[PDB]
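Structural overview for review
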Amino acid sequence: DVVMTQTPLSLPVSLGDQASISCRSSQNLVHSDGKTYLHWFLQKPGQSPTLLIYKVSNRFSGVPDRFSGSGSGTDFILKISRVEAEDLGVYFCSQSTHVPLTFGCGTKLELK
Amino acid sequence: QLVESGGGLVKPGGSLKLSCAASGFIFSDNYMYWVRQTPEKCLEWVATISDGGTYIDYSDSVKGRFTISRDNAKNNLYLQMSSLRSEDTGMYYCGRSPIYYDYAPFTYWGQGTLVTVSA
């Protein structure tokens, strides 16, 4: 299948910091239909995952603009503008261009 | 509103049937999913069923052993699990994605139900 790689594993940050999470795919995620089915989910401490950004750069309803996704082919990146306590949790990248649908193992954003 | 139930501790080779009750949305216009998070925190897609149950798909490691259905007792999604391996331990969540819009699979998630295959 398609292996999703996230770096780093743990990311200590201070409130107000700027940050970027990288996600690399083992295969090109551009679907034959011309769409890139790369997504980002946030799992706050003790919660269930939540859709953050869909199809590389589209923010889901209720998602602040401090979140921006970019990337293409196999390299993608999530940028957080001004880290706030509510951003703490585990970020996972996910692809649905290929079956099986696969996920990365997450990046833990920690208050340093 | 998605609530999963049915999870527990079983032994390898066991069977378990998970349930996900829906509420607050139309159900018949949502693809349903089962996703599990391993003790390592990794997320693994388990299965998918379209609105109407006309199409279903599973992860290979699960094919034949697991069985998904959105039967109707009252807005329910099911996952019958058999031949349980230790590799199946994790928190199972059901999730959904609206049919009319194109966002991301598993647009919404439930609270989770843990299943531990051991001893």
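Residues numbered from 1 in each chain as written, not as in the entry; some residues may be left out. Chains lettered and ligands numbered in written order. Heavy atoms only, no water.

Its PDB header names X-ray crystallography as the technique used to obtain the model and reports a resolution of 2.0 Å.

Under the PDB entry, the name given to chain B is ANTICANCER ANTIBODY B1, and the source organism is Mus musculus.

Where the PDB entry is consulted, chain A appears under the name ANTICANCER ANTIBODY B1, with the organism given as Mus musculus.

Interface extent is often summarised as the accessible area lost during association of the parts. Between chain B and chain A, the residue contacts involve 20 residues of the former and 23 residues of the latter. Of the roughly 1,800 Å² buried between chain B and chain A on both sides combined, carbon and sulfur atoms contribute 70%. A salt bridge links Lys-35 of chain A to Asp-102 of chain B; the nearest nitrogen and oxygen atoms lie 2.8 Å apart. Remark: the boundary between chain B and chain A carries four residue pairs in polar contact. For the side of chain B that touches chain A, the secondary-structure elements that each account for two or more residues are β4 (30-37), β5 (43-49) and β10 (108-109) of chain B. Among the elements that make up the side of chain B that touches chain A, the one with the highest residue count is β5 of chain B (three residues). A breakdown of the residues in the side of chain B that touches chain A according to their chemical character gives eleven nonpolar, four polar and five charged. (Contact = heavy atoms within 4.5 Å. Buried area = accessible area lost by both parts, 1.4 Å probe. Salt bridge = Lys/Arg side-chain N within 4 Å of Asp/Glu carboxyl O. Polar contact = N/O pair within 3.5 Å; in protein donor to acceptor, adjacent residues only side chain to side chain. Helix = DSSP H or I, 4+ residues; strand = E, 2+ residues; numbered from the N terminus. Nonpolar A, V, L, I, M, F, W, Y, C, P; charged D, E, K, R; others polar.)

Take the layout of surface pockets next. Its volume calculated, the largest pocket comes out at about 460 Å³. In this structure, the largest pocket is lined by 22 residues; those nearest its centre are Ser-96 of chain A together with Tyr-31, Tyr-33, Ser-97 and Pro-105 of chain B. Looking at the lining of the largest pocket, the elements with two or more residues in it are β4, β5 and β9 (90-98) of chain B. Of the residues that constitute the lining of the largest pocket, the class distribution is 13 nonpolar, seven polar and two charged. Roughly 240 Å³ of internal volume is contained in the second largest pocket. Every residue lining the second largest pocket is counted, 16 residues in all, and those nearest its centre are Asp-1, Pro-100, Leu-101 and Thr-102 of chain A together with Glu-44 of chain B. Going through the elements one at a time, β10 (102-103) of chain A together with β5 of chain B are the ones with two or more residues in the lining of the second largest pocket. (1 Å grid on protein atoms, 1.4 Å probe; cavity = no way out; pocket = protein on both sides within 12 Å on 5 of 7 lines; lining within 4 Å. Points joined across faces, edges and corners; volume = space filled by probe spheres on them.)

Residues and elements named next belong to chain A. Within the open sheet, the four strands sit side by side as β1-β3-β8-β7. Their pairing is antiparallel. A single partner strand is all that each edge strand has here, and the edge strands are β1 (4-7) and β7 (67-72). Pairs of neighbouring strands in the sheet enclose a mean axial angle of 20 degrees, with direction left out of account. Relative to strand β3 (residues 19-25), β1 is paired through four bridges, and the arrangement is antiparallel. The partner of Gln-6 across the bridge, within β3, is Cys-23. (Pairing = 2+ DSSP bridges. Axes fitted to C-alpha atoms, helices over the stretch in contact; angles between N-to-C directions.)

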